[PDB]
Each structure stands twice: as structure tokens, then as C-alpha cells.
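Peer 1: One file: work20.cif (mmCIF, C-alpha atoms).
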```cif
data_target
#
loop_
_atom_site.group_PDB
_atom_site.id
_atom_site.type_symbol
_atom_site.label_atom_id
_atom_site.label_comp_id
_atom_site.auth_asym_id
_atom_site.auth_seq_id
_atom_site.Cartn_x
_atom_site.Cartn_y
_atom_site.Cartn_z
ATOM 1 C CA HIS A 1 -32.887 41.311 5.740
ATOM 2 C CA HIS A 2 -29.112 42.048 5.573
ATOM 3 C CA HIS A 3 -27.646 45.311 4.174
ATOM 4 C CA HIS A 4 -23.964 45.836 3.266
ATOM 5 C CA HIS A 5 -22.772 48.471 0.725
ATOM 6 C CA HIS A 6 -20.236 47.964 -2.116
ATOM 7 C CA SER A 7 -18.201 50.946 -3.515
ATOM 8 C CA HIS A 8 -16.645 51.493 -6.990
ATOM 9 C CA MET A 9 -16.421 55.013 -8.506
ATOM 10 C CA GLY A 10 -14.195 56.490 -11.248
ATOM 11 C CA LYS A 11 -12.614 54.926 -14.375
ATOM 12 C CA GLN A 12 -10.183 56.469 -16.914
ATOM 13 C CA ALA A 13 -7.668 55.118 -19.489
ATOM 14 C CA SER A 14 -4.901 57.313 -21.011
ATOM 15 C CA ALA A 15 -2.346 55.709 -23.403
ATOM 16 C CA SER A 16 -0.958 56.134 -26.945
ATOM 17 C CA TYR A 17 2.121 54.896 -28.930
ATOM 18 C CA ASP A 18 5.448 54.064 -27.158
ATOM 19 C CA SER A 19 7.615 55.559 -29.968
ATOM 20 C CA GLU A 20 7.108 56.589 -33.656
ATOM 21 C CA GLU A 21 8.073 52.966 -34.636
ATOM 22 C CA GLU A 22 8.023 53.503 -38.435
ATOM 23 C CA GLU A 23 9.771 50.095 -38.599
ATOM 24 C CA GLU A 24 8.219 46.725 -37.565
ATOM 25 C CA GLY A 25 9.600 47.211 -34.019
ATOM 26 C CA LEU A 26 13.365 46.866 -33.306
ATOM 27 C CA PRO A 27 14.139 49.335 -30.329
ATOM 28 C CA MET A 28 15.335 46.348 -28.194
ATOM 29 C CA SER A 29 18.755 46.363 -26.499
ATOM 30 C CA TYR A 30 20.876 43.179 -26.164
ATOM 31 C CA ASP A 31 20.017 43.581 -22.400
ATOM 32 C CA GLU A 32 16.278 43.200 -23.324
ATOM 33 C CA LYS A 33 17.030 39.892 -25.161
ATOM 34 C CA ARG A 34 19.108 38.845 -22.071
ATOM 35 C CA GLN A 35 16.252 39.741 -19.633
ATOM 36 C CA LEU A 36 13.499 37.709 -21.375
ATOM 37 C CA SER A 37 16.171 34.950 -21.886
ATOM 38 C CA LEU A 38 16.878 34.084 -18.184
ATOM 39 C CA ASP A 39 13.288 34.955 -17.047
ATOM 40 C CA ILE A 40 11.818 32.309 -19.428
ATOM 41 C CA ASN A 41 14.318 29.409 -19.043
ATOM 42 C CA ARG A 42 14.624 29.623 -15.191
ATOM 43 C CA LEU A 43 10.836 29.115 -14.854
ATOM 44 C CA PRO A 44 9.345 25.553 -15.442
ATOM 45 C CA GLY A 45 7.381 23.948 -18.336
ATOM 46 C CA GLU A 46 4.577 26.479 -17.657
ATOM 47 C CA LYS A 47 6.543 29.516 -19.050
ATOM 48 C CA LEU A 48 8.555 27.211 -21.362
ATOM 49 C CA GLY A 49 5.059 26.177 -22.527
ATOM 50 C CA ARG A 50 4.200 29.868 -23.277
ATOM 51 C CA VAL A 51 7.539 30.615 -25.151
ATOM 52 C CA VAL A 52 7.238 27.539 -27.473
ATOM 53 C CA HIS A 53 3.497 28.335 -27.894
ATOM 54 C CA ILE A 54 4.170 31.845 -29.359
ATOM 55 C CA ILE A 55 7.263 31.001 -31.546
ATOM 56 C CA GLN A 56 5.483 27.895 -33.062
ATOM 57 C CA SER A 57 2.128 29.789 -33.428
ATOM 58 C CA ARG A 58 3.852 32.398 -35.679
ATOM 59 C CA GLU A 59 6.544 30.098 -37.237
ATOM 60 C CA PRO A 60 6.229 26.235 -36.727
ATOM 61 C CA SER A 61 9.467 24.119 -36.696
ATOM 62 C CA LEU A 62 9.580 21.158 -34.197
ATOM 63 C CA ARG A 63 6.386 19.466 -35.566
ATOM 64 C CA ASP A 64 8.076 19.128 -39.004
ATOM 65 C CA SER A 65 11.652 18.419 -37.782
ATOM 66 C CA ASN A 66 12.183 16.483 -34.468
ATOM 67 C CA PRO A 67 9.045 17.347 -32.263
ATOM 68 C CA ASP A 68 10.865 16.174 -29.082
ATOM 69 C CA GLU A 69 13.198 19.269 -29.194
ATOM 70 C CA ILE A 70 12.968 23.018 -30.018
ATOM 71 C CA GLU A 71 15.577 25.831 -29.883
ATOM 72 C CA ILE A 72 14.362 29.441 -29.373
ATOM 73 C CA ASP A 73 17.167 31.599 -30.841
ATOM 74 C CA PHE A 74 16.404 35.032 -29.219
ATOM 75 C CA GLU A 75 19.578 36.797 -30.516
ATOM 76 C CA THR A 76 18.528 36.106 -34.196
ATOM 77 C CA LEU A 77 14.708 35.994 -33.498
ATOM 78 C CA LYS A 78 12.530 38.862 -34.912
ATOM 79 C CA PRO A 79 12.601 41.875 -32.393
ATOM 80 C CA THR A 80 8.808 42.188 -32.913
ATOM 81 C CA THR A 81 8.206 38.631 -31.617
ATOM 82 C CA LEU A 82 10.862 39.189 -28.873
ATOM 83 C CA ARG A 83 9.278 42.428 -27.508
ATOM 84 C CA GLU A 84 5.776 40.823 -27.842
ATOM 85 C CA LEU A 85 6.802 37.601 -25.992
ATOM 86 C CA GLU A 86 8.695 39.783 -23.429
ATOM 87 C CA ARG A 87 5.703 41.961 -22.407
ATOM 88 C CA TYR A 88 3.521 38.788 -22.499
ATOM 89 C CA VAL A 89 5.641 36.798 -19.956
ATOM 90 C CA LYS A 90 6.103 40.031 -17.871
ATOM 91 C CA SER A 91 2.276 40.452 -17.615
ATOM 92 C CA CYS A 92 1.903 36.643 -17.137
ATOM 93 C CA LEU A 93 4.050 36.758 -13.922
ATOM 94 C CA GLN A 94 3.102 40.331 -12.650
ATOM 95 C CA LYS A 95 6.000 39.812 -10.101
ATOM 96 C CA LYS A 96 8.597 42.509 -9.200
ATOM 97 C CA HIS B 1 16.600 -20.812 1.283
ATOM 98 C CA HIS B 2 12.923 -20.219 0.340
ATOM 99 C CA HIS B 3 10.297 -20.788 3.075
ATOM 100 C CA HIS B 4 6.991 -22.111 1.584
ATOM 101 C CA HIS B 5 5.010 -19.080 2.850
ATOM 102 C CA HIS B 6 2.961 -16.349 1.158
ATOM 103 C CA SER B 7 2.107 -13.358 3.379
ATOM 104 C CA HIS B 8 -1.581 -12.707 2.564
ATOM 105 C CA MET B 9 -3.195 -9.965 4.684
ATOM 106 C CA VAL B 10 -6.572 -10.891 6.267
ATOM 107 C CA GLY B 11 -9.091 -8.195 5.168
ATOM 108 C CA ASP B 12 -7.353 -7.620 1.780
ATOM 109 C CA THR B 13 -9.181 -8.133 -1.568
ATOM 110 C CA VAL B 14 -7.416 -10.942 -3.531
ATOM 111 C CA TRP B 15 -8.021 -12.503 -6.978
ATOM 112 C CA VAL B 16 -8.553 -16.312 -6.642
ATOM 113 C CA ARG B 17 -7.316 -18.303 -9.720
ATOM 114 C CA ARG B 18 -9.610 -21.250 -10.603
ATOM 115 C CA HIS B 19 -7.894 -24.407 -9.184
ATOM 116 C CA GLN B 20 -7.492 -27.065 -11.968
ATOM 117 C CA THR B 21 -5.105 -27.783 -14.954
ATOM 118 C CA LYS B 22 -2.508 -25.050 -15.861
ATOM 119 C CA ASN B 23 -4.306 -23.166 -18.702
ATOM 120 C CA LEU B 24 -4.371 -19.352 -19.222
ATOM 121 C CA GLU B 25 -8.201 -19.521 -19.847
ATOM 122 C CA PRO B 26 -9.130 -20.527 -16.159
ATOM 123 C CA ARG B 27 -8.293 -17.092 -14.687
ATOM 124 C CA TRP B 28 -8.905 -15.481 -11.285
ATOM 125 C CA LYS B 29 -12.194 -13.841 -10.209
ATOM 126 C CA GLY B 30 -13.513 -11.589 -7.401
ATOM 127 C CA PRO B 31 -11.574 -9.877 -5.851
ATOM 128 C CA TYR B 32 -12.614 -11.485 -2.506
ATOM 129 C CA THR B 33 -11.996 -10.347 1.105
ATOM 130 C CA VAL B 34 -9.553 -12.684 2.974
ATOM 131 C CA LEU B 35 -11.321 -14.177 6.055
ATOM 132 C CA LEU B 36 -8.751 -16.821 7.190
ATOM 133 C CA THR B 37 -4.923 -17.101 6.801
ATOM 134 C CA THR B 38 -2.556 -20.174 7.052
ATOM 135 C CA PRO B 39 1.292 -20.279 6.064
ATOM 136 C CA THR B 40 0.521 -21.861 2.618
ATOM 137 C CA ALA B 41 -3.250 -21.238 2.080
ATOM 138 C CA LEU B 42 -6.073 -18.774 2.893
ATOM 139 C CA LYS B 43 -9.884 -18.841 2.958
ATOM 140 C CA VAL B 44 -11.770 -15.913 1.348
ATOM 141 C CA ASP B 45 -15.387 -14.693 1.057
ATOM 142 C CA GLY B 46 -17.639 -15.465 -1.958
ATOM 143 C CA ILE B 47 -15.842 -18.706 -3.006
ATOM 144 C CA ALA B 48 -16.716 -20.396 0.395
ATOM 145 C CA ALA B 49 -13.603 -22.704 0.160
ATOM 146 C CA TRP B 50 -9.887 -22.885 1.162
ATOM 147 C CA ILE B 51 -7.478 -21.740 -1.639
ATOM 148 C CA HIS B 52 -3.689 -22.406 -1.913
ATOM 149 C CA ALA B 53 -1.852 -19.030 -1.807
ATOM 150 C CA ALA B 54 0.299 -19.868 -4.906
ATOM 151 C CA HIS B 55 -3.008 -19.778 -6.896
ATOM 152 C CA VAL B 56 -3.938 -16.293 -5.503
ATOM 153 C CA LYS B 57 -2.869 -12.681 -6.317
ATOM 154 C CA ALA B 58 -3.383 -9.453 -4.232
ATOM 155 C CA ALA B 59 -5.535 -6.774 -5.990
ATOM 156 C CA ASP B 60 -4.248 -3.250 -6.909
ATOM 157 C CA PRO B 61 -5.464 -0.043 -5.024
ATOM 158 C CA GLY B 62 -5.986 1.960 -8.285
ATOM 159 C CA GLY B 63 -2.906 3.895 -9.477
ATOM 160 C CA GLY B 64 -1.685 7.498 -9.816
ATOM 161 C CA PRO B 65 -3.026 9.735 -12.720
ATOM 162 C CA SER B 66 0.073 11.928 -13.362
ATOM 163 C CA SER B 67 0.926 13.196 -16.894
ATOM 164 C CA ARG B 68 2.364 16.405 -18.462
ATOM 165 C CA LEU B 69 4.599 16.879 -21.547
ATOM 166 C CA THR B 70 7.085 19.595 -20.493
ATOM 167 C CA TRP B 71 10.294 21.375 -21.707
ATOM 168 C CA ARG B 72 13.792 20.961 -20.162
ATOM 169 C CA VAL B 73 16.593 23.604 -20.572
ATOM 170 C CA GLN B 74 20.019 22.209 -21.674
ATOM 171 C CA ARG B 75 23.209 24.271 -22.034
ATOM 172 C CA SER B 76 23.922 24.635 -25.803
ATOM 173 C CA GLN B 77 26.564 26.561 -27.837
ATOM 174 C CA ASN B 78 24.702 29.841 -27.011
ATOM 175 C CA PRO B 79 25.069 33.598 -26.091
ATOM 176 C CA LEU B 80 21.568 33.725 -24.422
ATOM 177 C CA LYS B 81 19.750 31.021 -26.502
ATOM 178 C CA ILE B 82 18.231 27.841 -24.858
ATOM 179 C CA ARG B 83 17.494 24.230 -26.027
ATOM 180 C CA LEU B 84 14.081 22.996 -24.749
ATOM 181 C CA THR B 85 13.668 19.181 -24.804
ATOM 182 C CA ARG B 86 10.168 17.618 -24.456
ATOM 183 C CA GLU B 87 10.269 15.196 -21.437
ATOM 184 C CA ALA B 88 8.063 12.145 -20.718
ATOM 185 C CA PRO B 89 4.723 12.402 -18.648
#
```
Written as C-alpha cells, that's how I'd like the structure from this file.

Peer 2:
Amino acid sequence: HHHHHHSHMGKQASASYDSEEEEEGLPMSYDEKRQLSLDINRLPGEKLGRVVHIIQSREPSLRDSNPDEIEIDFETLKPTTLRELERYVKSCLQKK
Amino acid sequence: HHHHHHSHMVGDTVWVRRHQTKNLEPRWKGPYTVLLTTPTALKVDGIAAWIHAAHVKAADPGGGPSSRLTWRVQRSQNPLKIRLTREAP
């Protein structure tokens, strides 16, 4: 015989589109490319593991041509994949 | 200057190579706990005989399981691009 109460009440989700986004998704500034750039490469093979995971999962490269090296060209990378990989690493760290 | 001495620790498990003609097929067995220690020989458990320390080898603890293929950032001809190189385990 031991009695202790929990407590969880209320739940609501409210969200829609960010913008119209009639295109694929290119509302990214150069600053956005710069932000995901340093944030990825400063962090070890864990986040470098996540960046190479996503780019090679959509478009493979290294496995065909020199698997010991990969270059992630953010400035000429698709802004869809950039903004996707950006929000992914941001929610992967949850740090401010 | 080489003193005819092998430091074998008493209490250590050591592989005792079968004393006879120099063939790779007579190998060591055990490993046996060192009971007695002299400058040039040692007596161990299991074999119940004195062995010359040149014909003996100290056993390994185990090792260190440490592996991970990882990416390393080099400075390239870049605005904000990076070059990730897969390093050894």
C-alpha cells in the first residue's frame, strides 16, 4: 500500500504553412547557409555523420567516387535539402 | 652490454614453449601461473618443472575494443563549404 498521484492535463497543437512556398523551397539567406555551415563542421563525427547521411541518402557520391572523402557544397546545394538539414541539426542539438 | 636476465613476474600467467629442437610446431601452452623466479629461469604451475625464461612469453591482458569511422574537416578552396575525410577506427 503506497499512493502517489501523477498529473497531466491539456494538449493542443496549432500550426500551418510557413509561407506560400509555390516553389520547391528557396527562401534561405546566405546567412542561413553560413549558420548551418559552422554549426555542422565545428561539431564532431556525430553531426558530420548526420550531414553526410542526408546528402548521400538523397544523392549518393562518395561510394561511387573515392569513399574516403566527401565535400558538402552548401552554397550550390539545393535550398530544400539545406533548409531540411538545417532544421534537422537544430532539433538534433536543441541547444540555445 | 646485455645482462642474461629476463624479468618474469611471480603470479603472472606465462606461455611455456615446449623445450626441444627449434621447430615452429612445438609451441607454447597454458598460460601458467609463475610460482618461482631465478635470473635466467622460472618454475610455473601445471608443467611441474623448471623452464628457461628465453623459452617463455608473458600472456596478454585482453586488448581495447575501440572503433568508429568518422569525418574530419579540412580547409578547402571554399566560401562556407567543408571537406569531410573518413578517418581510421

Peer 1: Identify every residue of chain B that has at least one atom within 9 Å of any atom of chain A, counting only C-alpha atoms, and report the result as a PyMOL selection string.

Peer 2: chain B and resi 69-73+78-87

Peer 1: With distances taken over only C-alpha atoms, which of B:74, B:23, B:37, B:7 is nearest to residue 58 in chain B?

Peer 2: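 The shortest atom-to-atom distance to residue 58 in chain B comes from B:7.
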
Peer 1: Between B:31, B:20, B:1, B:75, which one has atoms that come closest to residue 59 in chain B, using all atoms listed in the file?

Peer 2: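 Result for the nearest residue to residue 59 in chain B: B:31.
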
Peer 1: With distances taken over all atoms listed in the file, which of A:56, A:79, A:63, A:50 is nearest to residue 28 in chain A?

Peer 2: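 Smallest separation from residue 28 in chain A among the options: A:79.
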
Peer 1: Can you pull out the residues contacting residue 13 in chain B? Cut-off 12 Å, using only C-alpha atoms, and skip same-chain residues under 5 positions away; I want them as an MDAnalysis selection string.

Peer 2: chainID B and resid 8 29:35 42:46 56:61

Peer 1: Run the PyMOL selection byres ((chain B and resi 19) around 12) against the file shown and list the residues it catches, as a count of residues only.

Peer 2: 22

Peer 1: Taking only C-alpha atoms into account, name the residue in B:10, B:2, B:88, B:64 that is nearest to residue 38 in chain B.

Peer 2: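 Of the candidates, the smallest distance to residue 38 in chain B is held by B:10.
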
Peer 1: Taking all atoms listed in the file into account, which of A:61, A:10, A:66, A:53 comes nearest residue 88 in chain A?

Peer 2: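 Among the listed residues, the smallest separation from residue 88 in chain A belongs to A:53.
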
Peer 1: Please report the interatomic distance between CA of residue 27 in chain A and CA of residue 95 in chain A in Å with one decimal.

Peer 2: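 Computed distance, CA of residue 27 in chain A to CA of residue 95 in chain A, equals 23.8 Å.
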
Peer 1: Excluding residue 81 in chain A and residues on its chain fewer than 6 positions from it, collect all residues at most 10 Å away from it, counting all atoms listed in the file, and give them as a VMD selection string.

Peer 2: chain A and resid 25 to 26 54 to 55 58 74

Peer 1: Quick check, in Å to one decimal: how far apart do CA of residue 8 in chain A and CA of residue 92 in chain A lie?

Peer 2: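 So the answer is 25.8 Å.
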